[PDB]
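*Asks:* Just the first chains of my complex for now:
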Amino acid sequence: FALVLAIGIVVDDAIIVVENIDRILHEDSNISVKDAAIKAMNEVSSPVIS
Amino acid sequence: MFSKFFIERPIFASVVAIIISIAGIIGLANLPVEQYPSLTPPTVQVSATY
């Protein structure tokens, strides 16, 4: 039963990271795709770890 | 910085995930399947004859 409830929870952390990469990608045309990931991580590491 | 070591090395990240998955399937096969955990009180029977 826990695994079923987990499906939603496990993707929660991942969503927070790729949601922000996209947002940064669309806000800034100049930012390179990898630079985005580094920048996004800075912003979301505390939300994820918490 | 831990996050960026991974971003610079996609292969390394993939390898770690694959190892986790493989250990997972070995573990899944090894694990017993029960309806519930043991919730039953243990019982000892003392029998006497008159």
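*Replies:* All right, it came through fine. Residues are numbered from 1 along each chain as shown, chains lettered A, B, ... in the order given.

*Asks:* CA atoms for contacts and neighbours, from now on please.
*Replies:* Will do.

*Asks:* Let me see the contact set for the residue of chain B found nearest chain A.
*Replies:* In chain B, the residue found nearest to chain A is residue B:4; the distance is 6.2 Å by C-alpha to the nearest C-alpha. Applying C-alpha atoms under 8 Å, 6 or more residues apart in numbering or on different chains, one finds that residue B:4 lies in contact with residue A:38.

*Asks:* Could you check how far it is from residue A:35?
*Replies:* Residue B:4 sits 10 Å away from residue A:35, going by C-alpha to C-alpha, to the nearest Å.

*Asks:* what number of residues lie near the residue in chain A positioned nearest to chain B?
*Replies:* Using C-alpha to the nearest C-alpha, the point where chain A gets nearest to chain B is residue A:38, with a distance of 6.2 Å. Applying the criterion other C-alpha atoms under 10 Å in any protein chain shown, we find 17 residues in the vicinity of residue A:38.

*Asks:* Chain C comes next; put it on the structure above:
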Amino acid sequence: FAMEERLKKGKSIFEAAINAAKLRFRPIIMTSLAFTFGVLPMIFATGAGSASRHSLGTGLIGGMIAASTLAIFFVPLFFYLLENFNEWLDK
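*Replies:* Once chain C is put in with the chains from before, the structure reads:
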């Protein structure tokens, strides 16, 4: 996000809370609905063992709905009230 805006970004207690809201709304709802959908077939499941599934489903789905709708509106208020109190203490 609000704390970052009040501490380092440089924004008012009131502006941080609403600019936090616009940026973080999408992550919260996305994650919240992923969970709700994950627990949706519980409540709709029929077969052996259905009763246990249904009970777990109902409590969780309702809770998540409240956390995703009502709570998201109130939490900002709390940040304001608490942070304003903190500023008052500093004075």
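
*Asks:* Please list all residues in contact with the residue lying farthest from the centre of chain C.
*Replies:* The outermost residue of chain C, judged by C-alpha distance from the chain's mean C-alpha position using C-alpha atoms, centre = their mean, is residue C:48 at 34.1 Å. With contact set as C-alpha under 8 Å, 6+ apart, residue C:48 has no partners.

*Asks:* Is it in a helix, a strand, or coil?
*Replies:* Taken by DSSP: H, G, I helix; E, B strand; the rest coil, the conformation at residue C:48 corresponds to coil.

*Asks:* State the phi and psi torsions of residue A:31.
*Replies:* Per-residue torsions, residue A:31: phi -60, psi 130 (degrees, to the nearest 10).

*Asks:* Residue numbers of chain A in contact with chain B?
*Replies:* A:34, A:37, A:38, A:41 (C-alpha under 8 Å from any C-alpha of the partner chain).

*Asks:* put chain D on too:
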Amino acid sequence: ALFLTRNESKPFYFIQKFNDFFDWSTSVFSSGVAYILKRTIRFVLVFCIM
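*Replies:* Chain D goes in next, on the same frame as the chains above:
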């Protein structure tokens, strides 16, 4: 970082319409937050009633 690109475009119509309704709900949330923030005490009472 390895796969995502900003080159991507043309998401399906049903997905687009859902995202738009979502982005309008974003504004509703922001407006709601602003109203709630102004009514600091009426809403705190609501929390107690709840």
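
*Asks:* ok chain D is in now, so what about the neighbour count of residue A:38?
*Replies:* The tally of other residues near residue A:38 (other C-alpha under 10 Å) stands at 18.

*Asks:* Grab the nearest non-local neighbour of it.
*Replies:* Spatial nearest neighbour of residue A:38, excluding adjacent residues (C-alpha to C-alpha, 6 or more residues apart in numbering or on different chains): residue B:4 at 6.2 Å.

*Asks:* Check the gap between that neighbour and chain D for me.
*Replies:* Noted for residue B:4: a distance of 11 Å to chain D, by C-alpha to the nearest C-alpha, to the nearest Å.

*Asks:* same thing with residue A:16?
*Replies:* 15 Å.

*Asks:* before we move on, which element is that residue in?
*Replies:* Secondary structure assigned from DSSP states H and E places residue A:16 in helix A:2-27.

*Asks:* Buried by neighbour count: which residues of the very next helix or strand once past that helix qualify?
*Replies:* The helix or strand immediately downstream of helix A:2-27 is helix A:33-49, counting by DSSP H and E. For helix A:33-49, the neighbour count (16 or more other C-alpha atoms under 10 Å in any protein chain shown) marks A:33, A:34, A:35, A:36, A:37, A:38, A:39, A:40, A:41, A:44 as buried.
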